[PDB]
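Asks: Next input, structure requested:
(chains A, B, C, D, E, F and G)
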Amino acid sequence: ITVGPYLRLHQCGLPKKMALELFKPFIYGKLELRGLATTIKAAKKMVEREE
Amino acid sequence: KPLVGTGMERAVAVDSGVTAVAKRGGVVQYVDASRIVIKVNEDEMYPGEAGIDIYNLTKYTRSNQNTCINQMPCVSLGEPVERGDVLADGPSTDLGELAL
Amino acid sequence: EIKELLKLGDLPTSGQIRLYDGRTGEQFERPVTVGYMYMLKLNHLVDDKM
Amino acid sequence: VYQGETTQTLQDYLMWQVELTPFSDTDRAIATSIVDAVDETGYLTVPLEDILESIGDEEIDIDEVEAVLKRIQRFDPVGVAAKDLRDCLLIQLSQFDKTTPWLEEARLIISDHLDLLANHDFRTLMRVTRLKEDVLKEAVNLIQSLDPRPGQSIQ
Amino acid sequence: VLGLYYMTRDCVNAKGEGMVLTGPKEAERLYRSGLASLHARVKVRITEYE
Amino acid sequence: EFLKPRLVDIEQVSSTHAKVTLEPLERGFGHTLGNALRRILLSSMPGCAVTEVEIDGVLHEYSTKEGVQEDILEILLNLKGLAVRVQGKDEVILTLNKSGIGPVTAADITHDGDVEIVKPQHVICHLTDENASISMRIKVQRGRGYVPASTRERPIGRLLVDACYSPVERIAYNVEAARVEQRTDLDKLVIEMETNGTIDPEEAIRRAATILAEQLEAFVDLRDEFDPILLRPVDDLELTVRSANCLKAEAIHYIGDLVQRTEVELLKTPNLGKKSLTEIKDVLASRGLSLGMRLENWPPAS
Amino acid sequence: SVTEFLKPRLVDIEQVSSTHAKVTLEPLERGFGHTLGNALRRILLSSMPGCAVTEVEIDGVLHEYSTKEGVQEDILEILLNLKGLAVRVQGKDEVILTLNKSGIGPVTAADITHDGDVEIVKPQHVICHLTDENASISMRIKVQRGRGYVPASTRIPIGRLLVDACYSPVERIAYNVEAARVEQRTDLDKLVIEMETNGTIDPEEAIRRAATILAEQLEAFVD
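Replies: Numbering: from 1, shown residues only, chains lettered A, B, ... in the order given. Sure, structure below:
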């Protein structure tokens, strides 16, 4: 943990590399919801390649 | 080097064994990034031998903590050395002094 | 002895100088202790923690 | 005490893909049976009649089983749950882009004359397919670039 | 705490002492322009709600 | 009507140290201009730097070369501090060849017409063996800022170097009183500049002023994808006559419309039986698609 | 290529009031938010043309701590009330006005005698209050033209009371720098500027004038 002096009291600073792993099924669902991916394996490959 | 020390840096650097220390006096006959050859003085030579000392330096070797062990020479071609002098610096050493 | 060595190098004896903000150019209101320290990097790297 | 961990096999991966696929209840049961029938090399080991019998309902025809099987064959890896080598190669070729230099000749060779290639004829094959030796070499090289055992990716 | 304590202190003879200001915004303008000290004792028109 | 400043004098103390005088300035403009110019000069000047090195016999930077006093890493560190001025292009390749005992410096680089070495005494390495030679190729290009090599396949043997393109080392400024003809309220700005000798002080001042003016021009005028397979027409599918007629009777033109329909909806439509539904599912599965897929913000403008 | 920098693309203006504005500009190169914001703030605070009240004279007042029986407030209160008077003189750089009133009630800026060049911005601005019907007030107010703020202590007849002159129309200026990103670059600046004027000019006009002044200061070196 480091210090974020600019933050508001209700906010925290999360690394995006951690957030990509933590929220993976949500990202799969959102990718399949707007037609970017048509199958679960396509979304999995897109997340692996980090487009 | 610390630039503000206590006077114990040389003792720690030399007694640890991470540096290359001259076993006998002489003149630097050959210097390189990986080996040093010293031409021994005539008054320190044993009968019936070619008086030369060869030092092979440790280059980019893994340690017990997955760190780097690397030695670099601190002498020039042709300069005199004596017994106990430092020939090559080890990790965290600067001209024979501890440098953390 | 430290003050004498500072005087030999033409430096303030108190060990404090005036600084300026890099973002505005304004001088800080009080003198600041500026010097040299020996820092170390410890074997606790955030690459190995995250 | 270290008790050991869990590993993912080919069937575990296929079932994971089945669960996240918009199947109906009957379709999901058929998919479960089909995935149970798949061996470690990625080939189906029973005829579709056995699967239809194992479903246990008389309201279901073989065409629905065929549709479910075709959908499953497009899972990762592509070509899994194929009936034979010809089907696996055709499935793999179906996913290629149309700009490939020798897609049509390779498809023709695989679909029509696969025994001649296995017997190493290279003489009657030319007469049957009316090709030269310039294109046959490239077609055979393209055919040999496919995966004969798609199920070993999760060995 | 240190910053709030430092800003809300008074000095006996500071720059801009003894002037009358229309409000807090004029005090801020004087401080930023360098015409008054942060510790100068002044009189300010203040509006407060109860 | 303010009095405008002008560039009065340039004092070249050394080849890397200069003083530039701006005069006259109104009350308070000295610091306003000085701090902005210092920030821009320290931040945005362009220069040339070494980016790639290829040495004849070495494979990576964690090795040594026989007859060379330094390691490869120290040689790369020395090359990182090489000062080069290129007047014709944004990329160049220099060649270095040397043999015999002695210090290999920057004056041993093969001469190029459009390349100037401002510090020929810069030491690169040392050869300690008589029958020892070194030959290398160095890539130099123009840029600005600091670009580490990690943030930018290659053959085995090509070594990357972090790029520090900035030619400015330090900037200081002072504001004194200007003794103009008939006024005693005008100031004078003196900018002390320390660089690596590869940039003219006056062009640096002009470039900083140009950048500031271009950035400031925005205040002078101040006022306020679906997947391709889903876009193919339904006739791409090789359906039967009756299936195509039934789909066209439901105004299902594209695959993205058919895919959003569930089995029950396609089963309650007239003239469509279970067999035709199975055929549609089969032809969709042949491409790896199913029924019951939800799409957001469809259609995409047809 | 190496001489090409980012330019603001999203410009947002929010009007809290008629004399209070917030401006947001993004994206900017790293470090330029502080540069631009500090330069603009310094120019707005220090060097800005305007007109302001300089000094006053009252018939019954000879010293700053004097008496004006019949007036609710003291003399320094009247000086504070006059310091916040906004004018739009469109002629000579020095005008004099006369204020005479009698009665019971608030004496405001609308009571000032009419002048062709002078245009009062807020007639509702209150100068003082008269309590007694026999009470009378008479004074002369001088307005001059200048730049920025000039304290009266640096300027040290009879009855001439000095007033701090606030020529600049800016009442408050502040700025803040926040993080902004483009899909490939994450270390970019986002500049927010909040400013309030006294009503003589709009905040946007003040920003444009400050930018124009700073840009014209650089004409001798811009290529």
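
Asks: Look up how far residue D:129 lies from the residue at minimal distance from the centre of chain A.
Replies: Compute the mean C-alpha point of chain A, and by C-alpha atoms, centre = their mean the closest residue is residue A:20, 3.6 Å away. To residue D:129, residue A:20 is 50 Å away according to C-beta to C-beta, to the nearest Å. Backbone N, C-alpha and C define where each C-beta goes, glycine included.

Asks: Could you do residue B:24 as well?
Replies: 84 Å.

Asks: Residue D:104: which element?
Replies: Secondary structure from DSSP states H and E places residue D:104 in helix D:103-112.

Asks: and residue 30, how many neighbours does it have?
Replies: Using chain A here. Around residue A:30 sit 14 other residues, with neighbours defined as other C-beta atoms under 10 Å in any protein chain shown.

Asks: The intended chain is chain C.
Replies: 9.

Asks: Skipping its backbone neighbours, what lies nearest the residue of chain B found nearest chain C in space?
Replies: Distances between chain B and chain C by C-beta to the nearest C-beta are smallest at residue B:2, namely 5.0 Å. Distances taken as C-beta to C-beta, 6 or more residues apart in numbering or on different chains place residue C:38 nearest to residue B:2, at 5.0 Å, with adjacent residues excluded.

Asks: Verify the stated contact: residue E:38 with residue E:32.
Replies: No: at 10.7 Å, residue E:38 does not count as touching residue E:32 under the criterion of C-beta atoms under 8 Å.

Asks: hmm, back to that, that's a strand at the residue nearest to the centre of chain A, yeah?
Replies: No: going by DSSP: H, G, I helix; E, B strand; the rest coil, the assignment for residue A:20 is helix, not a strand.

Asks: For it, which residues are in contact?
Replies: A:27, A:47, A:50 (C-beta atoms under 8 Å, 6 or more residues apart in numbering or on different chains).

Asks: Secondary structure element holding the nearest residue in space to residue F:90 that is not next to it in sequence?
Replies: Nearest residue to residue F:90 in three dimensions, chain neighbours excluded: residue F:142, at 4.5 Å (C-beta to C-beta, 6+ apart). Assessed by DSSP H and E, residue F:142 sits inside strand F:133-144.

Asks: can you list the residues that contact the next helix or strand after that strand?
Replies: Sequence order places strand F:146-147 as the next helix or strand after strand F:133-144, per DSSP H and E. Residues outside strand F:146-147 that contact it (C-beta under 8 Å, 6+ apart) are F:162-166.

Asks: Report the contact partners of residue F:16.
Replies: Contacts of residue F:16 (C-beta under 8 Å, 6+ apart): F:169, F:194-197.

Asks: Residue F:242 and residue F:276 touch, don't they?
Replies: Yes: look at residue F:242 against residue F:276 with C-beta under 8 Å: they come within range, at 6.3 Å.

Asks: who's more crowded, those two?
Replies: For the pair residue F:242 and residue F:276, the greater number of neighbours falls to residue F:276 (19 against 14), based on other C-beta under 10 Å.

Asks: Tell me the secondary structure of that one, please.
Replies: Residue F:276 ends up helix, using three-state DSSP.

Asks: Check whether the helix or strand that contains residue F:33 comes into contact with chain E.
Replies: Applying DSSP H and E as the criterion places residue F:33 in helix F:29-43. No: applying C-beta under 8 Å from any C-beta of the partner chain, one finds helix F:29-43 out of contact with chain E, separated by at least 10.3 Å.

Asks: Could you check the helix or strand just after that helix and say which residues are buried?
Replies: Downstream of helix F:29-43, the first helix or strand assigned by DSSP H and E is strand F:46-55. Neighbour-count burial for strand F:46-55 flags F:46-53, F:55 (criterion: 16 or more other C-beta atoms under 10 Å in any protein chain shown).

Asks: what's the answer for stretch F:144-162, then?
Replies: Judged by neighbour count (16+ other C-beta under 10 Å), stretch F:144-162 contains these buried residues: F:144-145, F:159-162.

Asks: Now chain D against chain B: closest residue?
Replies: residue D:2 (23.7 Å).

Asks: Is it correct that that residue falls within a strand?
Replies: No: using three-state DSSP, the assignment for residue D:2 is coil, not a strand.

Asks: Not counting its neighbours along the chain, what's nearest residue F:27?
Replies: That would be residue F:185: by C-beta to C-beta, 6+ apart, it lies 6.1 Å from residue F:27.

Asks: next one: residue A:17
Replies: residue C:50 (7.4 Å).

Asks: Hmm, residue F:26 is touching residue F:3, no?
Replies: Yes: applying C-beta under 8 Å, one finds residue F:26 in contact with residue F:3, separated by 6.2 Å.

Asks: okay, those two: which has more neighbours?
Replies: Ranked by neighbour count (other C-beta under 10 Å), residue F:26 and residue F:3 place residue F:26 first, with 19 against 15.

Asks: Phi and psi next, for the nearest residue to that one once chain neighbours are set aside.
Replies: Counting by C-beta to C-beta, 6+ apart, residue F:2 is the residue found nearest to residue F:26 once chain neighbours are left out, at 5.0 Å. Backbone geometry at residue F:2, expressed as degrees, to the nearest 10, gives phi -80, psi 150.

Asks: From the opening residue of stretch B:76-89 to its closing one, how far?
Replies: This stretch, stretch B:76-89, spans 13 Å end to end (C-alpha to C-alpha, to the nearest Å).

Asks: Ok, stretch F:144-162 next?
Replies: End-to-end distance for stretch F:144-162: 13 Å, by C-alpha to C-alpha.

Asks: same question, stretch B:90-100
Replies: End-to-end distance (C-alpha to C-alpha), stretch B:90-100: 12 Å.

Asks: try stretch D:43-53
Replies: 19 Å.

Asks: Report whether that stretch contacts chain F.
Replies: No: Stretch D:43-53 stays clear of chain F (C-beta under 8 Å from any C-beta), getting no nearer than 13.4 Å.

Asks: swap in stretch D:84-93?
Replies: No: figure legend: stretch D:84-93 not in contact with chain F (C-beta under 8 Å from any C-beta); closest approach 9.7 Å.

Asks: Give me the residues contacting that stretch.
Replies: D:42-43, D:73-74, D:78-79, D:82, D:103, D:106-107, D:110-111, D:114, D:143, D:146-148, D:150.

Asks: so how far does stretch F:20-34 reach from one end to the other?
Replies: End-to-end distance (C-alpha to C-alpha), stretch F:20-34: 12 Å.

Asks: How far does it sit from its chain's centre?
Replies: Centroid separation for stretch F:20-34 versus its chain: 33 Å, with C-alpha atoms, centre = their mean, to the nearest Å.

Asks: Likewise for stretch A:5-14?
Replies: With C-alpha atoms, centre = their mean as the basis, stretch A:5-14 stands 19 Å off its chain's centre.
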